[PDB]
Amino acid sequence: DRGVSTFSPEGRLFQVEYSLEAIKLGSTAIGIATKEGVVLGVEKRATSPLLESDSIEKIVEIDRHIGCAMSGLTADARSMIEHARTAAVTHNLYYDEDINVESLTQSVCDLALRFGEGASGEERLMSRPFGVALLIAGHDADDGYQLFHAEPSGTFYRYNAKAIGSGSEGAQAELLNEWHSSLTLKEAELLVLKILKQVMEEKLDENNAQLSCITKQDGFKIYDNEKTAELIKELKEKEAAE
Amino acid sequence: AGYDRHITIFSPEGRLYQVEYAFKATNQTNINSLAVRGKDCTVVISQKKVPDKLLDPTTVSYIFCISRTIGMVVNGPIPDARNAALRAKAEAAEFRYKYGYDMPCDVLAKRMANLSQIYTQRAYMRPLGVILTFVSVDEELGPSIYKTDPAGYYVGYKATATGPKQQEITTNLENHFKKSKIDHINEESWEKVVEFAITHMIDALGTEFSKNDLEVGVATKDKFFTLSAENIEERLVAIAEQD
Amino acid sequence: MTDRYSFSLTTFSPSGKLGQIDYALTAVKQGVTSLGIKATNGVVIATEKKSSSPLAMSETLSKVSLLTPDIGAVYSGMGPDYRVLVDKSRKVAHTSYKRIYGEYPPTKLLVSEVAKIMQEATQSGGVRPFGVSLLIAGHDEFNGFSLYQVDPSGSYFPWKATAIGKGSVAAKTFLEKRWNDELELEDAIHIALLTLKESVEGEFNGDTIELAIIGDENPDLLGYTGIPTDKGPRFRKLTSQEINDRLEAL
Amino acid sequence: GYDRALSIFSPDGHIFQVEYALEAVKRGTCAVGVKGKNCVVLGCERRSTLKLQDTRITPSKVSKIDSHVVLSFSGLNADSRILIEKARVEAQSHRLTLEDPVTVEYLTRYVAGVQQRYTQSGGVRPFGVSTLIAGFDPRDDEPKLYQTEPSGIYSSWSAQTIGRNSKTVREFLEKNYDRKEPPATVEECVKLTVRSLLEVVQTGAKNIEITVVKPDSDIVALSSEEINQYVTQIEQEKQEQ
Amino acid sequence: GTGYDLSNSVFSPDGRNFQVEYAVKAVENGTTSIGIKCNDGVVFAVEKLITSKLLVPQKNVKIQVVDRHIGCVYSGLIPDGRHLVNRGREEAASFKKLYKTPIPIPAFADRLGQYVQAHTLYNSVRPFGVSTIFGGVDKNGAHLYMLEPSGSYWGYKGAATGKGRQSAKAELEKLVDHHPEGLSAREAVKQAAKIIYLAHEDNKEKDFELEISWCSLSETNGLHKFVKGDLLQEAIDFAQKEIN
Amino acid sequence: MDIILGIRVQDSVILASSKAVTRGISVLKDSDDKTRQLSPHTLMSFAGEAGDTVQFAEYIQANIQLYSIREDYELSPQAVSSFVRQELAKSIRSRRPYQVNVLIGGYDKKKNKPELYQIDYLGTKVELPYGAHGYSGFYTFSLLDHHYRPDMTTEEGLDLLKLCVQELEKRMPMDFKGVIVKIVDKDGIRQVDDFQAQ
Amino acid sequence: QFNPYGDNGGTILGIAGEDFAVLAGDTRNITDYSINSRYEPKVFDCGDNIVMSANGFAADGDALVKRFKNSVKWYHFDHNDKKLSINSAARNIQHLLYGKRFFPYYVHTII
Amino acid sequence: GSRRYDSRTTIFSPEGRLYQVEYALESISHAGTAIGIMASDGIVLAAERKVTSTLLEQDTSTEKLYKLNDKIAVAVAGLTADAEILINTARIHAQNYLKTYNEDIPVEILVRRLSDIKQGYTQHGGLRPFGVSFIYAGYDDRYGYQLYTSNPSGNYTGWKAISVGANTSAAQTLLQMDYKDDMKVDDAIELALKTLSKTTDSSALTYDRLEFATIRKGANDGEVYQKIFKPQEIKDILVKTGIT
Amino acid sequence: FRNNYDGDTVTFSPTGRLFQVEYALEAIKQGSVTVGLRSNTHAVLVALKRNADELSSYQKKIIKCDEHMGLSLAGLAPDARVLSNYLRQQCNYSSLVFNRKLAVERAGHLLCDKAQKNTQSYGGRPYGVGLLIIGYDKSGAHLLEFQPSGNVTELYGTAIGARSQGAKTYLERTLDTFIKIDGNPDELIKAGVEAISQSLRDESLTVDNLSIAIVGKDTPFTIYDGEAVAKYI
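Residues numbered from 1 in each chain as written, not as in the entry; some residues may be left out. Chains lettered and ligands numbered in written order. Part of a larger assembly, values for the part shown. Heavy atoms only, no water.

Chemist: I'd like to hear about the overall build of chain A, residue by residue, with values.
Modeler: A tally of regular secondary structure across chain A gives six helices and ten strands. Computed over its C-alpha atoms, the radius of gyration of chain A comes to 18 Å, within 12% of the 18 Å expected for a compact globule of 242 residues. Counting only C-alpha atoms and orienting by the principal axes, one finds that chain A spans roughly 60 × 45 × 35 Å. In chain A, which comprises 242 residues, the share counted as buried stands at 62%. Of the contacts formed within chain A by residues at least 6 apart in sequence, a portion of 62% connects residues at least 24 apart. (Helix = DSSP H or I, 4+ residues; strand = E, 2+ residues; numbered from the N terminus. Rg over C-alpha atoms; globule rule 2.2 N^0.38 Å. Buried < 20%, exposed > 50% of the residue type's maximum accessible area, 1.4 Å probe, protein only. Contact = heavy atoms within 4.5 Å.)

Chemist: Tell me what's going on with the overall build of chain I, and back it up with residues and numbers.
Modeler: For chain I, the helix and strand inventory stands at six helices and ten strands. Relative to the globule expectation of 17 Å for 233 residues, the C-alpha radius of gyration of chain I, 18 Å, shows essentially globular dimensions. The principal-axis extents of the C-alpha atoms in chain I amount to approximately 55 × 50 × 35 Å. Expressed as a percentage of its 233 residues, the buried residues of chain I come to 61%. Sequence-distant contacts, at least 24 apart, represent 61% of the contacts inside chain I between residues at least 6 apart. Averaging the positions of the 26 positive and the 26 negative side-chain charges in chain I gives two centres separated by 3 Å. (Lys, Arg positive; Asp, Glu negative; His and termini not counted. Charge placed at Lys NZ, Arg CZ, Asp CG, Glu CD.)

Chemist: Now, about the side chain of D82(H): what can you tell me, with residues and values included?
Modeler: By the secondary structure assignment, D82(H) is in helix 2 (residues 80–101). A relative accessible area of 1% means that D82(H) is categorised as buried. Not counting residues within four places of it along the chain, the set of residues in contact with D82(H) comprises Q119(C), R128(H), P129(H), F130(H), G131(H) and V132(H).

Chemist: Describe the interface of chain H and chain D, with residues and values.
Modeler: The interface of chain H with chain D comprises 41 residues on the first partner and 31 residues on the second. A combined buried area of about 3,000 Å² lies between chain H and chain D, and 56% of that area is made up of carbon and sulfur atoms. In terms of surface lost to chain D, no three residues of chain H exceed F12(H), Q123(H) and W159(H), which account for 23% of the buried area on that side. One can count two salt bridges joining chain H with chain D. Here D6(H) makes a salt bridge to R4(D), at a shortest N to O gap of 3.4 Å. Here chain H is connected to chain D by 14 residue pairs in polar contact. If you list the elements that add at least two residues to the side of chain H that touches chain D, you get helix 3 (107–123), strand 6 (146–150), strand 7 (156–158) and helix 4 (168–178) of chain H. The greatest single-element share of the side of chain H that touches chain D, amounting to seven residues, is contributed by helix 3 of chain H. Tallied by class, the residues present in the side of chain H that touches chain D amount to 14 nonpolar, 18 polar and nine charged. (Buried area = accessible area lost by both parts, 1.4 Å probe. Salt bridge = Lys/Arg side-chain N within 4 Å of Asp/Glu carboxyl O. Polar contact = N/O pair within 3.5 Å; in protein donor to acceptor, adjacent residues only side chain to side chain. Nonpolar A, V, L, I, M, F, W, Y, C, P; charged D, E, K, R; others polar.)

Chemist: Any details on the packing of helix 3 (residues 136–147) of chain F against helix 4 (residues 154–171) of chain F? Residues and values, ideally.
Modeler: All names here are of chain F. Two numbers describe how helix 3 lies on helix 4: the axes approach to 9 Å, and their chain directions differ by 145°. As for how helix 3 packs across helix 4, the hand of that crossing is right-handed. Along its contact with helix 3, which presents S136, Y139, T140, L143, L144 and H147, the element helix 4 presents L160, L163, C164, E167, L168 and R171. Residues that form the contact of helix 3 with helix 4 fall into these classes: seven nonpolar, three polar and two charged. (Axes fitted to C-alpha atoms, helices over the stretch in contact; angles between N-to-C directions. Left-handed = near helix turned anticlockwise from the far one by under 90°.)

Chemist: Please provide a residue-by-residue account of the pattern of salt bridges, values included.
Modeler: Evaluated as defined, the whole model comprises 93 salt bridges over all chains. Here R114(A) ties to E122(A) by a salt bridge, and the two come within 3.8 Å at their closest N and O atoms. Under the relative-accessibility criterion, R114(A) is labelled partly exposed at 34%. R56(D) is paired through a salt bridge with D54(D); the nearest N and O atoms lie 2.9 Å apart. Several salt bridges share partner residues, and in doing so they unite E97(A), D142(A) and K82(G) into one network.

Chemist: Talk me through a negative patch on the surface; I want residue IDs and the actual numbers.
Modeler: All names here are of chain D. The grouping of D178, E181, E187 and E188 at the surface amounts to a negative patch. Mapped onto the fold, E188 is located in helix 5 (residues 186–201). Looking at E188, the relative accessible area reads 39%, which means it is partly exposed. (Patch = residues over 30% accessible without salt bridge, like charges linked within 9 Å, V, L, I, M, F, W, Y side chains within 5 Å. Areas by Shrake-Rupley, 256 points an atom, 1.4 Å probe, with all protein chains shown as cover.)

Chemist: Give a description of the interface of chain B and chain E that names residues and reports values.
Modeler: Taken residue by residue, the interface counts 30 residues in chain B and 32 residues in chain E. In total, about 2,700 Å² of surface goes out of reach between chain B and chain E, with carbon and sulfur atoms giving 58% of it. Three residues, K53(B), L54(B) and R126(B), lead the burial of chain B against chain E; their summed loss comes to 28% of the area buried on that side. In this structure, the connection of chain B to chain E is made through three salt bridges.

Chemist: Describe in detail the sheet that holds strand 2 (residues 42–48) of chain H, supporting the description with residues and values.
Modeler: Residues and elements named next belong to chain H. What the five strands build is an open sheet, ordered 8-1-2-9-10; its pairing is antiparallel. Edge strands, defined here as strands with exactly one partner in the open sheet, are strand 8 (161–164) and strand 10 (225–228). Between one strand axis and the next, the sheet turns through 10° on average, direction left out of account. Pairing geometry for strand 9 (residues 210–216) and strand 10, over four bridges, is antiparallel. Considered in strand 10, the bridge of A213 is made with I228. Where helix 5 (residues 185–199) meets the sheet, its contacts fall on strand 1 (34–38), strand 2 and strand 9, and the angle it forms with strand 2 comes to roughly 20°. Together, strand 9 and strand 10 form the strand contacts of helix 6 (residues 231–240), whose direction differs from that of strand 9 by roughly 85°. (Pairing = 2+ DSSP bridges.)

Chemist: With reference to specific residues and values, describe the packing of aromatic side chains.
Modeler: If you walk through the whole model with that rule in mind, you get 51 aromatic pairs over all chains. Here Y130(F) and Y148(F) contribute two aromatic rings whose centre-to-centre distance is 5.0 Å and whose plane-to-plane angle is 55°, an arrangement assigned as tilted. Pair noted here: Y130(F) is in strand 10 (residues 130–133) and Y148(F) is in the loop between helix 3 and helix 4, with a separation of 18 residues, a long-range link. Owing to a relative accessible area of 10%, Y148(F) belongs among the buried residues under this scheme. Of the aromatic side chains, those joined through ring pairs into one cluster are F18(E), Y22(E), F1(I), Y5(I), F19(I) and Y23(I). The ring of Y223(A) has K227(A) sitting right over it, with the charged end atom 4.1 Å from the ring centre. Over the aromatic face of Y157(B) sits the side chain of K147(B), whose NZ or CZ is 5.2 Å from the ring centroid. (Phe/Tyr/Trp six-rings, centres within 6.5 Å; stacked < 30°, edge-to-face > 60°. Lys NZ or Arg CZ within 6 Å of the ring centre and 35° of its normal.)

Chemist: Requested: an account of helix 2 (residues 77–95) of chain A, with residues and values cited.
Modeler: Residue and element names in this part refer to chain A. Look at helix 2: 27 Å from first C-alpha to last across 19 residues, which is about the 27 Å you get at 1.5 Å a residue. Those residues of helix 2 that fall on the buried side of the exposure criterion are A77, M80, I81, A84, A87, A88, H91 and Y95. The buried residues of helix 2 occupy one face: seen down the axis, they fall within an arc of 120°. (Expected span 1.5 Å × (residues − 1). Arc of directions from axis to C-beta.)

Chemist: Tell me what's going on with the packing of helix 2 (residues 77–98) of chain I against helix 3 (residues 104–117) of chain I, and back it up with residues and numbers.
Modeler: Residue and element names in this part refer to chain I. Packing of helix 2 against helix 3 brings their axes to within 11 Å, and their N-to-C directions diverge by 135°. One element, helix 2, and the other, helix 3, form an angle in the oblique class. Between helix 2 and helix 3 the crossing geometry is right-handed. Here helix 2 contributes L83, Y86, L87 and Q90 to the contact with helix 3, which in turn contributes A107, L110, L111 and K114. Each residue belonging to the contact of helix 2 with helix 3 can be placed in one class, and the counts come to six nonpolar, one polar and one charged. (Parallel < 35°, antiparallel > 145°, perpendicular 65-115°, else oblique.)

Chemist: Now, about the sheet that holds strand 1 (residues 33–37) of chain B: what can you tell me, with residues and values included?
Modeler: Residue and element names in this part refer to chain B. Pairing within the open sheet is antiparallel, and its five strands lie in the order 8-1-2-9-10. Each edge of the open sheet carries a strand with a single partner, namely strand 8 (159–162) and strand 10 (223–226). Within the sheet, the average angular offset between the axes of one strand and its neighbour, ignoring direction, is 10°. Contacts between helix 4 (residues 166–180) and the sheet are confined to strand 1 and strand 8, with strand 8 contributing the most and set at about 165° to the helix. Across the face of the sheet, helix 5 (residues 190–205) comes into contact with strand 1, strand 2 (42–47), strand 9 (214–220) and strand 10 while running at roughly 40° to strand 2.

And the structure:
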């Protein structure tokens, strides 16, 4: 066949590029940063009404000041999260301090290219790249509120707002306009809820959608259905308001 | 399916093409050689062709001294020849160390033959494109010639020839023995056995040789050595004064 | 470097055939004929010494090998493969038996060990099956005389008499006609020589024929005297002279 | 030694070996599970390609992982054993180190983990198996029902089915199961289960097996008769109309 | 059939190993370099194409030393060359460690030979994309060698490899004839500078930089050294003169 | 060492184990249960090295529980005791051997007979009417050798046991803070929570 | 037999003020009753306003200080030249030391 | 690299099937037929020797019935050599169990392990599966006489009566036609010979082409006994059941 | 043709080429332009940072490997991290074991040899990144150009990435002038900025888009970004 770590004539790694395709099919995930905190929202997307929607975990806590949302082959993200949590915890054990959000991100990205069938450079054991992207949101004393997009390519970017998943391209264009450096957490919450609503096949309710945020004071928290339902309602009213 | 021609696995006819092609490469050098057994010595002749003028003729050889007693001439590309030579030398040293006596020519031949047999069965090892002729004067078997090939095959000979024109040299020798009725050259001195060798090499190939057209090795009781251009010239001058 | 051929080179084809084993068998058919005949007081294995050159020395290359002092082997197919199998067989007879029980293994078991080695070459990663079939004849105290055939697949079966190689079909038929459960060793050696004659084209003499037997114990071949219970090997390769003397009464 | 990447991405972003692993599941005998108000029931169908078996000794479809949790599956049987053995061992290990039996969700997350790992590890093919894991967490009375697939993904269901015709029996369940009012009785829960299986088993009293799980390690498998009875009472519901 | 050229250790029906042959192609496409064996040492020279004014002059040195008495120069894939020299350095180090005596040139030659030949035995490796000219002085005088991607090597009176290998061989052969008694170290240096200038015609497009080193019993005390300063400029002149 | 006694009567096996846990100069606990249940009808008592003791017992337990689930069956007492001997026999030639002595009391639901197994840290296994590890036998064996009878009743046993515990309280130098008694019979394992004055 | 440890003497002192801190030490290095040097610095500036001294067996003390300074170097690489707080340094050193819990750096270190 | 010649013996077809297992079975379908019939007081194993001759020594031949333990035997259908590898790891497994517990290994426990080994060559290692199918006839004090079957896939099941190898379709029909729960060993013995006699590709069903074994409980004892019939014993039973 | 020979680096084409390596080289061309140049007292790195959206940040192109050495990258960011991290260790090793600053020329050799290993062995892949290394050592200022093929070269100045040819010409043109900008770092930087702007097209160099690095005689390797580079735009 052809090695899993081969280059295309255009200078790209086949397996990584294809990896990106699988992610385009994933459920929508959106993150928005504001000087008041960072909001992280995702599209549950149950494959049947018999599926208890709350058993759908696509937003997880890495540390008290770091959480992330995933999109793509989500089973692949388990080891990623495990590594991430261990890194945050370990850094605390070794330095008596919280891990910087960027470092945590870099740490996760370092696993990314660790695949192959015998790549000369160390001992990269993992037959294929991960098929899932992550939005890592958190806060640290050095650069405050931050939002990161980490891909199977091993690269990561910092964003003020970012959307990944099936509805991404459209949602990103949206964010491109909607976002401005003076948004409040509440405004961010509604904006996420709004864009999710627009790109979701399903009618957004507090069962097929989920919100969460990270703030210096209370850290990373996942909004429970009730809290989100009201924000959804509050949104319908403001929209119909004009 | 058609890869049964790239690695050492069976073809539907039960053949190993890679082993067949390795044999093909043994003629790359376009050099012939022959070995004969004396009354108490063994001689190996090999053509020497150094066309490039920039080459140092003295560093061009296909005859090796595996040990004080064993000599080896190779028909095939030089890098595989040297690989086989190095290995044999190691095998011979090791054998002496472990068993307390000089490794016999036939045993070294078998050991190398077995090593080749493996490249024939294991997929990642390619056969070596060479045929090895081991010679010596065994302390038990006397004058000896054992030759091995890319197939892992090997056997002892009364005399033997190898190369593009191996057949001509062989039938020449076959004839000589059918006549003499003995399995060796009834000659006391090796100088004369060397002359016999060169003479028949000439008859068989229908070619005359100068002192730089040949390479000669001689094995006697407790010593294998190779002749110099001069040692050869003397040999050549000798055959001249008979024709 | 490092063998990266950790996968099987012999696999099942959609029709259920194991290609490499088949091909290996083909190679065996192309091989020189070799046979074996079991008598009441011995066994005999024989083959032709297809000298690959008149300058070669047929004696320096034996196709009939002693495995233990009461077991011999002969083959058809790839000579080099047989040579290493013979070494492995002689070794396994020690490491897996004589070094444990202090006695040489019984024919069936050694045969079984050999077969295993071949079976593995049919499934292990990065190798090809052995291109040979063997005929092992031996004798052990509790099983008397026996004759076995081992194939490239690793299968083996006991025989009263059989042949493998080039003219196996014809030879097997000739043997079926001449074999009976009352043959004495001399009778089997005779029938052996007759059977081999049909398969041979040119010269047929003690120098072109290789034949060994498993019969009585040869105290005279033991090498030492003084131990009553030790009586000598049952395996004995016939001499060129012995073969010729018999060819006269052929 | 052997580490060839057998599960890799193709142009469209798929991992065919995992997808083909599901195909193996689709071909497997149907499995179903429904949670009541204080119990969970697991039903599985039995093939009939050949019948002259010894049901006493032939390995059954529902397996106990611990005294309080069970696992059924659809797909390759040989594969299921490996997952079941691993789960059982992990169960004892959890008790031994945390001094507390596994929660159903944990035992599920573990099995899903093993499956996922076999999709991005060299020299191995994914498990051709999907599972249904159910039971009650230690000192808890709220029934648990989870499902896992070759990809390594899992989640909980009020009721779910896997295997051949699982599309059919799922539809049945979607319009026969009310979360508002779950089968408040072991009997009415085992009935809904058999009803869903009959939609596909095609009259198979000896082709349908049931296992009931109640809080505090109360696990039991019904016998032909007990089940045959449910089949009976159900066939009348129809005729009586 | 075909495809006998896609895997490294495969014998084609005629007995060749195309991958090694393709390796040679990379060599032939490289800069020209040579070696001249004089009466008490050896001289190495090589063409350095000035790809642009931006290349700092005299800096990117090509010729490498092994131990203290051996010189190595090669044409083809440079990184492949360094790799082979690194091996040679280890090879020579271990030899000296056990035998005390610095490695004899002939012995060093076989070490490199066995190593390079080893890269034509398996399909899991690629053959070396360089031909190497190396040598030095030892207990028995001077020795000059050239190693091919196939692992083949012999002793030479003169040696050349690369783009202009033909010009050089023509020139080297002339020296051999017009000096049956031997060339001197001082002379070989000039003659080397000339042959490189002549060989630079099959590449006369880009401007080049000459590099020379030598190992002479009388001129360097057996140790390998680079020809620099005056003696260098001097040979550059002897060449620039005869090129017109 | 602690006290580990065992006596097999007519239809059950009784295990008595000291409750004291002493660490040098101080008695840290007086209600220690030196036993683990390997299966519904098999109980194992133990004494020996500080950490090894429980580590070994729990390791054995975990394994027997695993066998039970995999086979949906309860291994006979004899089988369980053989497994345990094998494990201790390995330990003896390992890098750091488990210094644990155990008594295995079980009721074979197939044979319908109670069984007592004594195994020391070397993997020395022997089946007995009654047994003990350490010095305990030195004060109690003479009593048991005398009054023990195969047809004894669980009540007679408990009485003969009470007799033994008294001798230990009279002649043994250390205060083992009494024993916890347990019975294994056809119906399972139960603790005689009233032996502090039975 | 071989004793991997030694004693080079020395005495160090650390006092913390309200808005400053000091770490002092004699500059004498010894072996038994001989003086190896009358001036061999023992207290070191490791950057980010952190001073450290590993007193006791000099070979080990140098190893430690060298290893810690290196840890600071990487801390800058990994965390964008972020300053290493005194508390973080202390925790890091605890790991450096305990990492050799069974063949310790025979030194009493103060920072 | 090597990837080029890797068959990939452990992957799913687009239909979710395992090629090699499928083909292995296709191979087994041409192997001499093996039958296992379980009565109430014993079990019967019967196999047809594929390919025989006048000279084939039958008294020393055993190509289909192997004793694994004193209470467990298996009938083989497929590659004999592959079978022996498995058979041996089985015999050892039995002894390990006995050594650990001092109790003979329960029949299913031995069957599940052997099946697990097969299953492995199905999921990892890149090797071909074992081209073998087994019929296990054994007895233990927990389930009494048992009859199991395993194939290359690694799956196993229990039966009252079953056949593997060639013409199973035909044999299975015939067995499902005359089997009865109340059968007695001798009834089962007769049913087995009859089934084989009707499914053979051979002319007649003679003893020299058969292997036979029974696991009964010799009433005059109280213990179970395995018996692999000898050539003359098969010859006798053949005459009695009326096949002469 | 090529299709049958570009599946790995352990295969030569009939013309002696190594496609996998060549493809790696392409990754660089597709990368963002970066320039390097030096006088006798300083070495400068100027790089054009690229961003994804206008909501994203600009990817860093300059990495410090030690107090006297650093590099700029074009190509696979991850690989730059692997390589620069390896270079940090080498600098570190030289200090700890020999109390010696690693020479730029030496570092170059180490990089070359490391890159080469992933172009002759099965399984590995060539690095897909180009590197410009500047440093000040015992022999002065230095600029090196690293290519995935293993080729490392010392130059007065150079540039890699898309449209790199622009600056490379300007530098090849200004050579005689900038090579003499000693003792005036700001001038050398301005020369570098002018060089890189010769490869612009899409936009113009802004404050959060320009990245400059410098090292020299008494100047530890330092990086400038944002407002820090303002006085040069």
